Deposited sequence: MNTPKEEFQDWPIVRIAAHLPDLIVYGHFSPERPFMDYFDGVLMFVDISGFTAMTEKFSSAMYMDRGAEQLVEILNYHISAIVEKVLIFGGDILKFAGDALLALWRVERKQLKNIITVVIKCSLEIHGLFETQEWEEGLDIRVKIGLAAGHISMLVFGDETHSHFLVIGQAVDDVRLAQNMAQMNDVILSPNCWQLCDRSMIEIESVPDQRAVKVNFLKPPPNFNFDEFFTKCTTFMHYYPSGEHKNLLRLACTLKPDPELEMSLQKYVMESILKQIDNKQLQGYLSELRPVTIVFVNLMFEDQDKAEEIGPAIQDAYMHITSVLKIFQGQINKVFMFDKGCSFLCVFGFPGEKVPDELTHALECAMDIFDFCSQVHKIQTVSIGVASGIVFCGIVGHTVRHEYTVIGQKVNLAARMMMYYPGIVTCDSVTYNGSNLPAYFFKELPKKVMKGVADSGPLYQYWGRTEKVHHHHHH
């Protein structure tokens, strides 16, 4: 009696789960919104510098209109290698944002010290792998909260707390090629093994190298650590990068998971649209919304408010034809990266709509109870839109100088709605709806032409 080859089945649930971390795939929590969970772990925030520049170069004529295709190919080739290291070292990739990603090692408190060693080693091997591109890595460790928010058909999650703020601070300090530990990470780690240098004006520290003691064997140490890793592929599945590759059809589970994924990606998963379609360099408008709270580390304070804001944001975006691409803690608060002009959401009046949408969101969110300040940055231009990451773990994202510009506007001009000149000039709105603003020198930004506040009708 034969025992024939059992071919890999790439069921739709498996393709869906590629777009999500184990934190959600195997999370099985309440459908109530908001939902909050608390745990500890080590976070790794990995940034590839230079793709933003590259994006602008891939619109040039030398790319012969295959710029999007070339950009995603060279990006994924690099990012995939990083994704594999994170996964082999036992991490869960939580989210991709442009050419960066955030990974988590969730463990019990007693195991943070040893897991920190594992992550540092991971980081050094990644810093290893890496012709104009640098890798910067920030690490943090401690208490983490998760929030899930959304409505009956859409779900989103985010992580919150001091470790989340710390990992992003650590990463902003990294010079090209550094691995930086948060103060708390340094404080919890196995200092007898990890050799650091101080960072000026900073309690965070830079990793120089591992200094293992005499009888230390990393493979044996790693194996002990896998005891604590719930989803590490093992035994018969030790040849797989993710346990999620073995997920089996389950309509309840798939209904729950699909709510995290955008409709155009589900179309592609369901072989109702060609893959090529989602890799594009297209003119869009970014609307980058920031909500600042009294205490951005206290999930049960901020969770209700994010949900409240999300309910209004989503209904307004539906009307003005925009979409939430990503949400994360960023700029002392919760940020929504929204996009006008994604697959199948073209219009004329896109610019006007992005501006009217932004004002509406600003007025509403300004009044929701624990929101201290709202800031919104609007910028328009050619940006890369596509699926970034590894075959087994990837997400739809946007990369482009205008994406960064909108984020920087929202941070340097708090408490108002701002726009760039392309949006100002392009919009059908009268000039006295706007105010020309003082030019601020902005981190990471060369020369935006004039910037404007969208004052609205008075």
property	result
Stretches with no C-alpha atoms in the model, relative to the deposited sequence starting at 1	131 to 138, 467 to 475
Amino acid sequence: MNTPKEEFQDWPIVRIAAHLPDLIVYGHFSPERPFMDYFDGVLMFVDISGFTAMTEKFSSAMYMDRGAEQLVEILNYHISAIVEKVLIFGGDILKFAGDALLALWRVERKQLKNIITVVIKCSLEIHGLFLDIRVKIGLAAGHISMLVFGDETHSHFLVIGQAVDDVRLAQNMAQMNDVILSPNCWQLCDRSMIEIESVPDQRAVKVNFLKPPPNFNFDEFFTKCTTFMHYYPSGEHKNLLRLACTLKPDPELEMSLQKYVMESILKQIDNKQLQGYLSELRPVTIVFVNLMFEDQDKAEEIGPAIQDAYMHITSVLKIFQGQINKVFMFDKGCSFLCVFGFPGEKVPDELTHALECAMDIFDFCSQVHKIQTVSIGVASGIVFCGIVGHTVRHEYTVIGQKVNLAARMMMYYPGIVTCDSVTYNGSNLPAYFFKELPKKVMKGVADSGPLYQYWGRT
From here on, numbers count along this sequence of modelled residues.
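Here the rigid core means the biggest group of C-alpha atoms that line up within 1.5 Å when the two forms are laid on top of each other.
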property	result
Core-fitted comparison in 9 other deposited structures of this protein, 325 to 333 vs 203 to 211, farther C-alphas	325 to 333
Stretch with greater C-alpha deviation in 9 other deposited structures of this protein, 294 to 302 versus 247 to 255 (rigid core superposition)	294 to 302
No coordinates for residue 169 in a third or more of the other PDB entries	no
Other entries lacking residue 132, at least a third	yes
Stretch with the greater mean C-alpha B-factor as recorded in the entry, comparing 296 to 304 against 233 to 241	296 to 304
Stretch with the higher entry mean CA B-factor, where the candidates are 86 to 94 and 157 to 165	157 to 165
Criterion, highest CA B-factor; candidates, 109, 312, 267, 248	109
Residue selected from 422, 398, 54, 410 by maximal Cα B factor	54
Where the record places residue 342 (Cα B-factor, split into thirds across the chain)	highest
Record-listed C-alpha B factor of residue 50: chain third	highest
Where the record places residue 437 (Cα B-factor, split into thirds across the chain)	middle
Cα B factor band for residue 381 (lowest, middle or highest third within the chain)	middle
Relative C-alpha B-factor of residue 179, binned into the chain's lowest, middle or highest third	middle
